[PDB]
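Contents: one structure, followed by commentary.
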Amino acid sequence: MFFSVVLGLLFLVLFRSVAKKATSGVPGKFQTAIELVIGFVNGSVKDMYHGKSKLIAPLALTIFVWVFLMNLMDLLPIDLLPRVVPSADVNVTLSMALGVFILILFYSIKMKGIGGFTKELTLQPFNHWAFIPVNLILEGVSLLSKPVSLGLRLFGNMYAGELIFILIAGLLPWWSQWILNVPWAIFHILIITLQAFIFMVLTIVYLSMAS
Amino acid sequence: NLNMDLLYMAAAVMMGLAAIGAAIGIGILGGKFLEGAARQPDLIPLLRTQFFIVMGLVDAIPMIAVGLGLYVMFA
Amino acid sequence: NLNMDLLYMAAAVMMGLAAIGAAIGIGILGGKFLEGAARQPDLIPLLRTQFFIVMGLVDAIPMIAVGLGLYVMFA
Amino acid sequence: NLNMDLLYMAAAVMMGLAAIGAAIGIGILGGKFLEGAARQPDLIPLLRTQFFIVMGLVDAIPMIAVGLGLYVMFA
Amino acid sequence: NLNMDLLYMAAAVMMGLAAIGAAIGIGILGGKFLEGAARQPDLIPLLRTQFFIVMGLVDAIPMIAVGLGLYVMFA
Amino acid sequence: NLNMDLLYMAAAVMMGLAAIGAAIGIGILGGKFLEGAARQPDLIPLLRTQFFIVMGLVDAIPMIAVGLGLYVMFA
Amino acid sequence: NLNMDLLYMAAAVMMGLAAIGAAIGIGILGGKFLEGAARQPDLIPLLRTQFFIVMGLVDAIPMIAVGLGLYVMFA
Amino acid sequence: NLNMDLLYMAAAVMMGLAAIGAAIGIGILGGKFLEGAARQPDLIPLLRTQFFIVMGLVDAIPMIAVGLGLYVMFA
Amino acid sequence: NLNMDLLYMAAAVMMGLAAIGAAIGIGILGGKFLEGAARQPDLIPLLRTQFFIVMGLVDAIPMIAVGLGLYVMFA
Amino acid sequence: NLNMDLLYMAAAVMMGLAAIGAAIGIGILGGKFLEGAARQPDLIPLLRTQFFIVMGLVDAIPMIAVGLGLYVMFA
Amino acid sequence: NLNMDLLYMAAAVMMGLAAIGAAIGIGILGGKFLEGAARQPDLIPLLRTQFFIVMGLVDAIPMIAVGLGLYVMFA
Amino acid sequence: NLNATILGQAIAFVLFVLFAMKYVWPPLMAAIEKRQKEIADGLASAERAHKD
Amino acid sequence: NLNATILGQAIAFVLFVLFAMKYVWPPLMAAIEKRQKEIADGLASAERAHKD
Amino acid sequence: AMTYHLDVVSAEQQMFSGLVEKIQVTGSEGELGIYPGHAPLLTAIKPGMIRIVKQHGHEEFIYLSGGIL
């Protein structure tokens, strides 16, 4: 297929270029923002991301910084003003990245340590009291499937609102309220990124800390 | 003639009168958390902020209903 | 012509105005649990967290109604 | 043409806006039982758990209405 | 064609949005009776149990409306 | 064709969503009378029982509406 | 054919969902007057009985609406 | 055929579900004025009676809507 | 035939169920202002009367909706 | 015939039952601000007046909906 | 004929009764934040004002629904 | 948005986030651990020197 | 009639960038006093205090 | 800091004196954080040391058996 080239190339170039740029900052230094960004991000993320403990090591800061910096390009492009050629990558990559990252992170993080015995044999007291097999399927399917609806609804609503507000605000007549309405896009993108990163880190740490 | 009434009535009825519970719950939670957090400063550091986590459930309340609006337009 | 009005009216009426009880109950439980949990330190994490288990009942309240929405679309 | 509108309107109207009382009562009972149960230690687990038995009545309230939904589909 | 819309609309409108008052009253009475019954020891089982008798009136409230549902099906 | 829609819609709309005020008032009066009557001993059985007389007014509130249901069936 | 739908819809819509405010107000006034009248002895019978006069206004609230029901039957 | 449905629907919809706010406000004002007026002796008859003047506004609230009912009958 | 249903439905729907918020707010403001104004002597007439100015906003709330009723009759 | 039902139903449904939230919020904010502002002297005019700024948001709530009424008449 | 009823009913139903949650939450948050901020001045500098940030969520609640009104007019 | 979007959007974000985080975890962890190592070394050296 | 984007973009970008950068430059620029003052004051105070 | 005079009286003579500001002491309902600008609220002080700033930044833990706020 020759179509869908500007969305995949523009999204993969901006996402891979801004996400695959941490390899050159290993030796230093670099300026006055290295101590404030590294100390504030490491101290605020490590001190505020309570619930990991025995979860992982570099997956918290690497998944949080890589997911926030890599996923921030889909919602930080609201300032670019100017037809279905560069907007499907945000809605498709947002729901696909949130659902695939939440399901793959929860299943891979929960099926690594402990484990196969708790997930492969979740009956006994959890499905025998309660002798009917409906509580494990309803509670397990709803609790295990709530991340796809929450991440797909938050990421889909944030990407749809940012792309719809950017396209409608950049493709209009006058340039007053549409060109000056940056508070809803900036507050919605910052609140969506902070709420998605805090909800994903807190949900992964809380869901991974107990079985 | 059922596409206009079905799509418009489905999008307006499915994404219309539904934000009253989320908007009322946000104001009630903000007022209760503001009164409880204002009545005690020591409790305004690692307790009342946890109530903000309840806002994370709003996306699973009426805000998810808007996700069905595309079914009456895009789908 | 009854499939568009029946499916759209069933999905919008069955998955429309229903999140007011869950969104209002989440905000009321979050505000009451935040005020009661913040008013006492020892009660900050010993019984108030059990109130979060009440959120597990939300999946059996309005959130289960969305499970019927497929009956107006996929089924 | 009355089977689609009658079954869809009966399933959506009979299993639609009805979980507001159960979801609101679960959050109100969880917040009141959490505040009253957390305000005292001896009252943390002696009678407050009996309030959870009230949740058993929810199955006879709105949750029973879903039992009639099959009458608009299977029956 | 009036039997499907009359029976379905009568069963859904007569046995649909009606459990909000009983489900809300059960949660409010359970939370108030749990807080008032748990706030005092001597009041834990002497008069608070009489509040459970109020639940006996629920059968004469919305639960009686379900008794009319047969009129839209069996009768 | 107006007898089935008028009788079914009249009995369902006249004997449907109406028990919310009676069921909510019974639970609110039972919880308030149980907390106020259980908070004091002398107030346990001296005037609080008079609140039960208020329940006698319920028969003249929503319960009287059911008396009109026969007008949509027997009359 | 407009006499059955107009008379039945007028009597059911005019004398149907309207007793929620009177039934809820009677229970709220009975519970508040019972708790406030029972919390003090001197206030048990000196001014609290005047609150019963508020019940006399119920006849001018929803109970008066039933007076219009004859307009959909006798008139 | 529009006179019966227009007059009946206008009188029932214009003078139907509207007394819930007045009946609820009368019971809430009577209970709050009864508790606040009975909790203190000097406040039994000095300013609490002024709350009864608020009842005079009820005639300008839902009670005025009945004044439009003649427009669906006499006019 | 659209003038009778459009004017009657516009006047009844535009001037019908709308006084619940104004009548409920008048009773809630009268009860809260009566309890707070009667609980203290100096607060009996110094700032509580300013709450009556809030009643002036009622004319810009539901009472203004009646101003549109002429559009369904005189205009 | 769609202009009368569309314009009348759009103006009545868009500018009808919507002032209950603004009228209820004005009375609740006036009663709470009057009780809290009258309960303390120093708090009578220092921050409580800022609550009046919340009334400025009413123009962005239901009062803005009236701005759409011209779309069902002038536009 | 479905464009006028679908567009007018979609804009009125999608931008009509929806401001009750935002207007009620703004008044409840303003009254609770005004009472809590008025009862303690030390907390009226960097705590209760944070509740105003909750108003920023209103634009993502009912106020966002108005953003869909153009879909029933401009789109 | 008609076709060929799930493979590019899913493989781009999944391969970019996983390939970027897996290959950038030691650089961001070792490069960002200077604040905790220097703060712990200075606080532990000052507290151990004062207590000693 | 027209667009007028230089006034809104220049006024909003210069006002938000100058106000946010100038008012927020103390939190991002003054954050080095903890590591710099803790490492310099910790090493100098620990070496001089331990030596004396 | 120092603002309002928060003098403590014992059963015999005076227990404590001097001004106070951000007094983070526990109330009757539980842990609270009062400071300078609170309204009149008569509470009860039970047993337990409460770290409250006295004068010129003197955060002292005043521990006593009984107390009436």
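Letters for chains follow the order of the structure tokens (A, B, ...), residue numbers begin at 1 for each chain, and ligand numbers begin at 1 in the order shown.
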
Within 8 Å of chain L: each chain A residue with its shortest pair, only C-alpha atoms, as a Markdown table:
```
| residue | atom | partner | partner_atom | distance |
| --- | --- | --- | --- | --- |
| A:1 | CA | L:4 | CA | 7.1 |
| A:4 | CA | L:4 | CA | 7.2 |
| A:8 | CA | L:8 | CA | 6.1 |
| A:12 | CA | L:12 | CA | 5.9 |
| A:15 | CA | L:16 | CA | 7.3 |
| A:16 | CA | L:16 | CA | 5.8 |
| A:19 | CA | L:20 | CA | 6.1 |
| A:20 | CA | L:20 | CA | 5.3 |
| A:22 | CA | L:24 | CA | 5.8 |
| A:23 | CA | L:27 | CA | 5.9 |
| A:25 | CA | L:31 | CA | 7.2 |
| A:26 | CA | L:27 | CA | 4.9 |
| A:27 | CA | L:31 | CA | 7.1 |
| A:28 | CA | L:31 | CA | 7.4 |
| A:35 | CA | L:35 | CA | 7.1 |
| A:38 | CA | L:32 | CA | 5.3 |
| A:39 | CA | L:35 | CA | 5.5 |
| A:42 | CA | L:32 | CA | 6.8 |
| A:43 | CA | L:36 | CA | 8.0 |
| A:58 | CA | L:25 | CA | 5.7 |
| A:59 | CA | L:25 | CA | 7.3 |
| A:61 | CA | L:29 | CA | 7.4 |
| A:62 | CA | L:21 | CA | 5.2 |
| A:63 | CA | L:21 | CA | 6.2 |
| A:66 | CA | L:21 | CA | 5.7 |
| A:67 | CA | L:17 | CA | 6.4 |
| A:70 | CA | L:17 | CA | 6.8 |
| A:84 | CA | L:1 | CA | 7.1 |
| A:85 | CA | L:1 | CA | 7.9 |
| A:88 | CA | L:1 | CA | 5.7 |
| A:89 | CA | L:9 | CA | 5.8 |
| A:92 | CA | L:9 | CA | 6.0 |
| A:93 | CA | L:9 | CA | 4.6 |
| A:96 | CA | L:10 | CA | 5.6 |
| A:97 | CA | L:13 | CA | 6.1 |
| A:100 | CA | L:14 | CA | 7.8 |
| A:101 | CA | L:14 | CA | 7.4 |
```

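For residue 65 (chain B), the set of protein, DNA and RNA residues having any atom at most 10 Å away, when counting only C-alpha atoms and skipping those fewer than 4 positions along the same chain, is residues 153 of chain A; 11, 14, 15, 16, 18, 19, 59, 60, 61, 69 and 70 of chain B; 12, 15, 16, 17, 18, 19 and 66 of chain C.
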
Quick one: superpose chain I onto chain E using all C-alpha atoms paired in order, least squares, and give it to me as a compact mmCIF listing (two decimals) with N, CA, C and O atoms, in the first residue's frame.
```txt
# COMPACT_ATOMS: atom_id res chain seq x y z
N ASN I 1 -50.18 -5.14 16.18
CA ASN I 1 -48.82 -4.67 16.40
C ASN I 1 -48.71 -3.91 17.72
O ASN I 1 -47.62 -3.54 18.15
N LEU I 2 -49.86 -3.69 18.37
CA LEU I 2 -49.89 -2.98 19.64
C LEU I 2 -49.60 -3.88 20.83
O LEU I 2 -49.38 -3.36 21.94
N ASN I 3 -49.59 -5.20 20.65
CA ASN I 3 -49.32 -6.10 21.76
C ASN I 3 -47.83 -6.14 22.10
O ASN I 3 -47.47 -6.23 23.28
N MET I 4 -46.96 -6.07 21.09
CA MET I 4 -45.53 -6.10 21.34
C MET I 4 -45.05 -4.78 21.94
O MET I 4 -44.27 -4.77 22.90
N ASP I 5 -45.51 -3.66 21.39
CA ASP I 5 -45.11 -2.36 21.92
C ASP I 5 -45.79 -2.05 23.24
O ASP I 5 -45.20 -1.41 24.11
N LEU I 6 -47.04 -2.50 23.41
CA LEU I 6 -47.75 -2.26 24.66
C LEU I 6 -47.23 -3.14 25.79
O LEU I 6 -47.06 -2.68 26.92
N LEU I 7 -46.97 -4.42 25.49
CA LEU I 7 -46.46 -5.32 26.52
C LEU I 7 -45.00 -5.04 26.83
O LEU I 7 -44.59 -5.05 28.00
N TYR I 8 -44.19 -4.77 25.80
CA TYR I 8 -42.78 -4.48 26.02
C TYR I 8 -42.60 -3.12 26.68
O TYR I 8 -41.78 -2.97 27.61
N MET I 9 -43.34 -2.11 26.23
CA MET I 9 -43.25 -0.79 26.84
C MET I 9 -43.86 -0.77 28.24
O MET I 9 -43.41 0.00 29.10
N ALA I 10 -44.87 -1.60 28.48
CA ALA I 10 -45.48 -1.66 29.80
C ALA I 10 -44.60 -2.40 30.80
O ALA I 10 -44.51 -2.02 31.97
N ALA I 11 -43.94 -3.47 30.35
CA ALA I 11 -43.06 -4.22 31.24
C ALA I 11 -41.75 -3.48 31.48
O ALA I 11 -41.22 -3.49 32.60
N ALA I 12 -41.22 -2.82 30.45
CA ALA I 12 -39.97 -2.08 30.60
C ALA I 12 -40.19 -0.78 31.36
O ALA I 12 -39.38 -0.42 32.22
N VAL I 13 -41.27 -0.06 31.06
CA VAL I 13 -41.54 1.20 31.75
C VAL I 13 -42.07 0.95 33.15
O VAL I 13 -41.86 1.77 34.05
N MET I 14 -42.77 -0.17 33.37
CA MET I 14 -43.31 -0.49 34.68
C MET I 14 -42.31 -1.22 35.57
O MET I 14 -42.46 -1.18 36.80
N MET I 15 -41.30 -1.86 35.00
CA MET I 15 -40.28 -2.58 35.76
C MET I 15 -38.87 -2.15 35.35
O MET I 15 -37.94 -2.96 35.36
N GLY I 16 -38.71 -0.88 35.00
CA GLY I 16 -37.41 -0.37 34.60
C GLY I 16 -36.79 0.55 35.63
O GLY I 16 -36.26 0.09 36.65
N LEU I 17 -36.84 1.85 35.37
CA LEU I 17 -36.28 2.85 36.28
C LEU I 17 -37.22 3.02 37.46
O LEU I 17 -38.10 3.89 37.46
N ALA I 18 -37.04 2.18 38.47
CA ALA I 18 -37.88 2.24 39.67
C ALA I 18 -37.11 1.76 40.89
O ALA I 18 -37.49 2.07 42.03
N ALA I 19 -36.03 1.02 40.67
CA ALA I 19 -35.22 0.50 41.77
C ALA I 19 -34.20 1.51 42.29
O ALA I 19 -33.40 1.15 43.16
N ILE I 20 -34.21 2.74 41.78
CA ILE I 20 -33.26 3.74 42.25
C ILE I 20 -33.61 4.19 43.66
O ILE I 20 -32.72 4.43 44.49
N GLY I 21 -34.90 4.32 43.96
CA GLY I 21 -35.30 4.73 45.30
C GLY I 21 -35.09 3.64 46.33
O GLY I 21 -34.72 3.92 47.47
N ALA I 22 -35.33 2.39 45.95
CA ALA I 22 -35.13 1.28 46.88
C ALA I 22 -33.65 1.00 47.09
O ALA I 22 -33.21 0.77 48.22
N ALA I 23 -32.87 1.01 46.01
CA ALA I 23 -31.43 0.76 46.13
C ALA I 23 -30.73 1.92 46.83
O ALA I 23 -29.76 1.72 47.56
N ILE I 24 -31.22 3.15 46.62
CA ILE I 24 -30.63 4.30 47.30
C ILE I 24 -31.04 4.32 48.76
O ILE I 24 -30.24 4.66 49.64
N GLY I 25 -32.29 3.95 49.05
CA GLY I 25 -32.74 3.91 50.44
C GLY I 25 -32.10 2.79 51.23
O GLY I 25 -31.92 2.91 52.45
N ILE I 26 -31.76 1.68 50.57
CA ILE I 26 -31.10 0.58 51.26
C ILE I 26 -29.67 0.96 51.62
O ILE I 26 -29.17 0.62 52.70
N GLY I 27 -28.98 1.66 50.72
CA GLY I 27 -27.62 2.08 51.01
C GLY I 27 -27.57 3.22 52.01
O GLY I 27 -26.66 3.29 52.84
N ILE I 28 -28.53 4.14 51.93
CA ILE I 28 -28.58 5.25 52.88
C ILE I 28 -28.96 4.75 54.27
O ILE I 28 -28.38 5.17 55.28
N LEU I 29 -29.94 3.84 54.34
CA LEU I 29 -30.33 3.28 55.63
C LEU I 29 -29.24 2.37 56.19
O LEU I 29 -29.07 2.29 57.42
N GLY I 30 -28.51 1.67 55.33
CA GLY I 30 -27.42 0.83 55.80
C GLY I 30 -26.23 1.64 56.28
O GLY I 30 -25.56 1.26 57.25
N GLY I 31 -25.94 2.75 55.60
CA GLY I 31 -24.84 3.60 56.03
C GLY I 31 -25.16 4.38 57.29
O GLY I 31 -24.32 4.50 58.19
N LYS I 32 -26.37 4.94 57.37
CA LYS I 32 -26.77 5.67 58.56
C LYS I 32 -26.95 4.74 59.75
O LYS I 32 -26.55 5.08 60.87
N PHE I 33 -27.54 3.56 59.52
CA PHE I 33 -27.70 2.60 60.61
C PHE I 33 -26.36 1.98 61.00
O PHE I 33 -26.19 1.57 62.16
N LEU I 34 -25.41 1.91 60.07
CA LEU I 34 -24.09 1.38 60.40
C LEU I 34 -23.25 2.39 61.17
O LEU I 34 -22.52 2.02 62.09
N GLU I 35 -23.34 3.67 60.80
CA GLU I 35 -22.60 4.70 61.51
C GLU I 35 -23.20 4.96 62.88
O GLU I 35 -22.48 5.05 63.88
N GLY I 36 -24.53 5.08 62.95
CA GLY I 36 -25.18 5.29 64.23
C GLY I 36 -25.13 4.07 65.13
O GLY I 36 -25.04 4.21 66.36
N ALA I 37 -25.20 2.88 64.55
CA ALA I 37 -25.12 1.65 65.33
C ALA I 37 -23.69 1.32 65.76
O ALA I 37 -23.51 0.69 66.80
N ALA I 38 -22.69 1.72 64.97
CA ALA I 38 -21.30 1.47 65.32
C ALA I 38 -20.69 2.57 66.16
O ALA I 38 -19.64 2.35 66.78
N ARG I 39 -21.31 3.75 66.21
CA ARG I 39 -20.78 4.85 67.01
C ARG I 39 -20.97 4.61 68.51
O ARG I 39 -20.28 5.23 69.31
N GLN I 40 -21.90 3.74 68.89
CA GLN I 40 -22.16 3.43 70.28
C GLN I 40 -22.27 1.92 70.47
O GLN I 40 -22.75 1.22 69.58
N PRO I 41 -21.82 1.40 71.61
CA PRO I 41 -21.89 -0.05 71.83
C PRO I 41 -23.29 -0.51 72.21
O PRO I 41 -23.80 -1.48 71.64
N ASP I 42 -23.91 0.18 73.17
CA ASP I 42 -25.25 -0.20 73.61
C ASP I 42 -26.27 -0.07 72.49
O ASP I 42 -27.28 -0.79 72.48
N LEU I 43 -26.03 0.83 71.54
CA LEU I 43 -26.90 0.99 70.38
C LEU I 43 -26.54 0.06 69.24
O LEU I 43 -27.11 0.18 68.15
N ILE I 44 -25.61 -0.87 69.45
CA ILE I 44 -25.20 -1.81 68.41
C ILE I 44 -26.30 -2.83 68.20
O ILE I 44 -26.52 -3.28 67.07
N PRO I 45 -27.02 -3.23 69.25
CA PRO I 45 -28.09 -4.22 69.07
C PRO I 45 -29.21 -4.06 70.09
O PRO I 45 -29.34 -4.87 71.01
N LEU I 46 -30.01 -3.00 69.95
CA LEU I 46 -31.11 -2.74 70.87
C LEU I 46 -32.27 -2.06 70.16
O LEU I 46 -33.43 -2.30 70.49
N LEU I 47 -31.96 -1.22 69.17
CA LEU I 47 -32.99 -0.51 68.43
C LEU I 47 -32.60 -0.38 66.96
O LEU I 47 -33.47 -0.25 66.09
N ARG I 48 -31.30 -0.40 66.68
CA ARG I 48 -30.83 -0.28 65.30
C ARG I 48 -31.35 -1.41 64.43
O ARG I 48 -31.63 -1.20 63.24
N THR I 49 -31.48 -2.61 64.99
CA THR I 49 -32.04 -3.73 64.24
C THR I 49 -33.47 -3.44 63.79
O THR I 49 -33.91 -3.97 62.77
N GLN I 50 -34.19 -2.61 64.54
CA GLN I 50 -35.54 -2.22 64.13
C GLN I 50 -35.52 -1.49 62.80
O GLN I 50 -36.50 -1.54 62.05
N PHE I 51 -34.41 -0.81 62.48
CA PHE I 51 -34.29 -0.17 61.18
C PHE I 51 -34.36 -1.18 60.05
O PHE I 51 -34.82 -0.86 58.95
N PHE I 52 -33.91 -2.42 60.30
CA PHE I 52 -34.03 -3.47 59.29
C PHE I 52 -35.49 -3.75 58.96
O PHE I 52 -35.80 -4.17 57.84
N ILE I 53 -36.40 -3.51 59.91
CA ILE I 53 -37.83 -3.67 59.63
C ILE I 53 -38.28 -2.71 58.55
O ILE I 53 -39.23 -2.99 57.81
N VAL I 54 -37.60 -1.56 58.42
CA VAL I 54 -37.91 -0.63 57.34
C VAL I 54 -37.67 -1.28 55.99
O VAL I 54 -38.37 -0.96 55.01
N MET I 55 -36.70 -2.19 55.90
CA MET I 55 -36.49 -2.93 54.66
C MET I 55 -37.72 -3.73 54.27
O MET I 55 -37.97 -3.94 53.08
N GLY I 56 -38.51 -4.17 55.25
CA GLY I 56 -39.76 -4.85 54.96
C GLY I 56 -40.74 -4.00 54.19
O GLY I 56 -41.63 -4.54 53.52
N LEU I 57 -40.62 -2.67 54.28
CA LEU I 57 -41.46 -1.79 53.50
C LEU I 57 -41.03 -1.71 52.04
O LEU I 57 -41.83 -1.27 51.20
N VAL I 58 -39.80 -2.12 51.72
CA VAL I 58 -39.33 -2.07 50.34
C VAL I 58 -40.18 -2.98 49.46
O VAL I 58 -40.44 -2.66 48.29
N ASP I 59 -40.63 -4.11 50.00
CA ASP I 59 -41.51 -5.00 49.26
C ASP I 59 -42.83 -4.34 48.90
O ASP I 59 -43.49 -4.77 47.95
N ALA I 60 -43.22 -3.29 49.62
CA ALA I 60 -44.42 -2.52 49.32
C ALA I 60 -44.10 -1.24 48.57
O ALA I 60 -45.00 -0.40 48.39
N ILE I 61 -42.87 -1.06 48.12
CA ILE I 61 -42.46 0.15 47.40
C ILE I 61 -42.20 -0.20 45.94
O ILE I 61 -43.15 -0.45 45.18
N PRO I 62 -40.94 -0.23 45.50
CA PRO I 62 -40.66 -0.55 44.10
C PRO I 62 -40.75 -2.04 43.81
O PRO I 62 -41.08 -2.44 42.69
N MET I 63 -40.45 -2.86 44.82
CA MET I 63 -40.50 -4.31 44.63
C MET I 63 -41.90 -4.79 44.31
O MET I 63 -42.07 -5.84 43.66
N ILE I 64 -42.93 -4.06 44.75
CA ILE I 64 -44.30 -4.43 44.41
C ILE I 64 -44.59 -4.12 42.95
O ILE I 64 -45.45 -4.76 42.33
N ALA I 65 -43.88 -3.15 42.36
CA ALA I 65 -44.11 -2.81 40.96
C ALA I 65 -43.78 -3.99 40.05
O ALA I 65 -44.45 -4.19 39.03
N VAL I 66 -42.77 -4.78 40.41
CA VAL I 66 -42.44 -5.97 39.64
C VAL I 66 -43.62 -6.94 39.63
O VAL I 66 -43.80 -7.69 38.66
N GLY I 67 -44.43 -6.93 40.69
CA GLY I 67 -45.63 -7.75 40.71
C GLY I 67 -46.61 -7.42 39.61
O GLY I 67 -47.43 -8.27 39.24
N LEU I 68 -46.56 -6.20 39.08
CA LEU I 68 -47.39 -5.82 37.95
C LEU I 68 -46.79 -6.21 36.61
O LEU I 68 -47.50 -6.16 35.59
N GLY I 69 -45.51 -6.59 36.58
CA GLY I 69 -44.89 -6.97 35.32
C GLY I 69 -45.56 -8.15 34.65
O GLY I 69 -45.61 -8.23 33.42
N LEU I 70 -46.09 -9.08 35.45
CA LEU I 70 -46.82 -10.21 34.88
C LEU I 70 -48.04 -9.74 34.10
O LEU I 70 -48.45 -10.40 33.13
N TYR I 71 -48.63 -8.61 34.50
CA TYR I 71 -49.75 -8.05 33.75
C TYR I 71 -49.35 -7.66 32.33
O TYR I 71 -50.22 -7.57 31.46
N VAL I 72 -48.06 -7.43 32.08
CA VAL I 72 -47.57 -7.13 30.75
C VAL I 72 -46.95 -8.36 30.09
O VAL I 72 -46.31 -8.24 29.04
N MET I 73 -47.14 -9.54 30.68
CA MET I 73 -46.58 -10.77 30.12
C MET I 73 -47.53 -11.94 30.30
O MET I 73 -48.11 -12.44 29.33
N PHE I 74 -47.71 -12.38 31.55
CA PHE I 74 -48.60 -13.51 31.82
C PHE I 74 -50.06 -13.10 31.71
O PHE I 74 -50.91 -13.93 31.35
N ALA I 75 -50.38 -11.85 32.01
CA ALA I 75 -51.76 -11.37 31.93
C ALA I 75 -51.89 -10.24 30.92
O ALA I 75 -51.05 -10.09 30.03
```

Q. Just asking: which residues within region 5-72 of chain C are helix (DSSP H, G or I) according to DSSP, as an MDAnalysis selection string?
A. chainID C and resid 5:14 19:39 50:55 58:60 65:72

Q: Return the Cα root-mean-square deviation, in Å, for chain M superposed on chain L by least squares with the Cα atoms paired in order.
A: 2.8 Å

Excluding same-chain residues fewer than 5 positions from residue 56 (chain N), what lies within 12 Å of it counting only C-alpha atoms, as an mmCIF file with C-alpha atoms, in the first residue's frame?
```
data_model
loop_
_atom_site.group_PDB
_atom_site.id
_atom_site.type_symbol
_atom_site.label_atom_id
_atom_site.label_comp_id
_atom_site.auth_asym_id
_atom_site.auth_seq_id
_atom_site.Cartn_x
_atom_site.Cartn_y
_atom_site.Cartn_z
ATOM 1 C CA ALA N 1 7.561 31.976 63.494
ATOM 2 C CA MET N 2 5.424 33.835 66.039
ATOM 3 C CA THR N 3 1.932 35.307 65.771
ATOM 4 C CA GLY N 18 4.992 33.026 74.457
ATOM 5 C CA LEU N 19 3.608 33.544 70.975
ATOM 6 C CA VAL N 20 3.134 30.820 68.356
ATOM 7 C CA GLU N 21 2.359 30.530 64.651
ATOM 8 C CA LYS N 22 2.174 27.255 62.696
#
```

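Taking CA of residue 122 (chain A) and CA of residue 211 (chain A) as the two end points, the separation is 11.3 Å.
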
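For the pair CA of residue 51 (chain M) and CA of residue 41 (chain L), the separation is 18.2 Å.
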
Kindly provide the residues of chain N that approach chain K to within 7 Å, each paired with its closest atom pair and their distance in Å to one decimal, based on only C-alpha atoms, listed by chain and increasing number, as CSV.
```
residue,atom,partner,partner_atom,distance
N:35,CA,K:42,CA,6.1
N:36,CA,K:42,CA,5.9
N:37,CA,K:41,CA,4.8
N:38,CA,K:40,CA,4.6
N:39,CA,K:39,CA,6.0
```

Output N, CA, C and O atoms for every residue in that selection, as a CSV table (one decimal), in the first residue's frame.
```
chain,number,residue,atom,x,y,z
N,35,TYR,N,-2.6,27.0,62.1
N,35,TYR,CA,-1.5,28.0,62.0
N,35,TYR,C,-2.0,29.3,62.4
N,35,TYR,O,-2.8,29.4,63.4
N,36,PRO,N,-1.6,30.4,61.8
N,36,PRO,CA,-2.1,31.7,62.2
N,36,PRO,C,-3.3,32.2,61.3
N,36,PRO,O,-3.1,32.6,60.1
N,37,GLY,N,-4.5,32.2,61.9
N,37,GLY,CA,-5.6,32.7,61.1
N,37,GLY,C,-6.8,31.8,61.3
N,37,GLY,O,-7.9,32.0,60.7
N,38,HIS,N,-6.7,30.8,62.2
N,38,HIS,CA,-7.8,29.9,62.5
N,38,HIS,C,-8.9,30.6,63.3
N,38,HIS,O,-8.7,31.6,64.1
N,39,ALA,N,-10.1,30.1,63.2
N,39,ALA,CA,-11.3,30.6,63.9
N,39,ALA,C,-11.4,30.0,65.3
N,39,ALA,O,-10.5,29.2,65.7
```

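Between CA of residue 25 (chain N) and CA of residue 44 (chain N) there is a distance of 10.9 Å.
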